[PDB]
A.B. asks: 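What follows is a structure written as structure tokens; I'll ask about it next.
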Amino acid sequence: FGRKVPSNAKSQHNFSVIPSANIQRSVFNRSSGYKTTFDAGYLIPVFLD
Amino acid sequence: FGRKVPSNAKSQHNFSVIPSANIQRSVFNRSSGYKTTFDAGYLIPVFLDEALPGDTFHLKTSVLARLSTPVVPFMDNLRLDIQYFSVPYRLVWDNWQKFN
Amino acid sequence: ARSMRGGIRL
Amino acid sequence: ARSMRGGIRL
């Protein structure tokens, strides 16, 4: 008997894959000061980012 | 006698040379299936594609052809064959260059 | 298996 | 001898 031929389904799938985004990451220092007055026993939110 | 001075003609020529285009070529697989029925002796166009300037194609073809059922194992040989041709568009339309 | 166009559908 | 502007003229 004959041998089956391939399907194109894999190459069609590959054409549909979007490229990854190029992000442009960088490193920097984000130093900040904070000054306050508070009393004991409370949870004080001193840092927020 | 004195010695002649140069002309600027060569530097002026060089300023007029346009840079080469940057093309962004890439390699990918352009696989396709085609299914059909046909009779002997005809030239059947089973593959058709458009090639750009600066394409390169490498083609592998797989075939399975089934003959509809014979009565007996008839004694004569019978070849299937496939032949590929390149046809520039300027051979099939006189205005192809003027279109471009 | 990569990031498909139109979001994910298996 | 390279690709000139305005197309080729020798």
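Naming: A, B, ... by sequence-line order, numbering from 1 per chain.
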A.B. asks: Counting neighbours of CG on B:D94 that are heavy atoms of other residues, nucleotides or ligands and sit closer than 6.0 Å, is the number greater than 12?
C.D. replies: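 Counting neighbours around CG of B:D94, 12 or fewer heavy atoms of other residues, nucleotides or ligands fall under 6.0 Å, so no.
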A.B. asks: May I have all residue pairs that pass side-chain hydrogen bond (donor to acceptor under 3.5 Å, both in side chains) and include part of residues 15-29 of chain B, sequence neighbours excluded?
C.D. replies: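 Pairs touching residues 15-29 of chain B that pass the test: B:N29-B:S31.
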A.B. asks: Throw together a table of side-chain donor-acceptor distances under 3.5 angstrom for residues 68-83 of chain B, partners on residues two or more places apart or in other chains.
C.D. replies:
none

A.B. asks: Are B:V92 and B:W96 grouped together when hydrophobic residues (ILVMFWY) are joined by side-chain heavy atoms under 4.5 angstrom apart?
C.D. replies: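 No, it is not one cluster - the side chains of B:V92 and B:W96 are not joined through contacts under 4.5 Å.
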A.B. asks: Name all residues meeting the side-chain hydrogen bond (donor to acceptor under 3.5 Å, both in side chains) criterion together with B:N95; count only those two or more places apart in sequence or in a different chain, and write none if there are none.
C.D. replies: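 side-chain hydrogen bond (donor to acceptor under 3.5 Å, both in side chains) check on B:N95 returns B:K98.
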A.B. asks: Compile the donor-acceptor pairs under 3.5 Å between side chains in residues 55-65 of chain B and protein atoms, sequence neighbours left out, one pair per line.
C.D. replies:
from  : atom 1 : to    : atom 2 : distance (Å)
B:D55 : OD2    : B:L52 : N      : 2.8
B:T61 : OG1    : B:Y84 : OH     : 2.8

A.B. asks: The criterion is ring-ring contact (aromatic ring centres under 6.0 Å, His included); which residues satisfy it with B:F28, sequence neighbours excluded?
C.D. replies: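 A:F15.
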A.B. asks: Give, for atom CD1 of A:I18 and atom OG of C:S3, the distance between the pair rounded to the nearest 0.5 Å.
C.D. replies: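 Result: 4.5 Å between the selected atoms.
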A.B. asks: How close do B:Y89 and B:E50 get, counting heavy atoms only, and between which atoms?
C.D. replies: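 Reported closest heavy-atom pair: OH-OE2, 2.8 Å.
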A.B. asks: Would you mind writing out the side-chain donor-acceptor pairs for residues 35-49 of chain A within the sub-3.5 Å range, not counting sequence neighbours?
C.D. replies:
from  : atom 1 : to    : atom 2 : distance (Å)
A:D49 : OD1    : A:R30 : NH2    : 2.8
A:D49 : OD2    : A:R30 : NE     : 2.8
A:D49 : OD2    : A:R30 : NH2    : 3.3

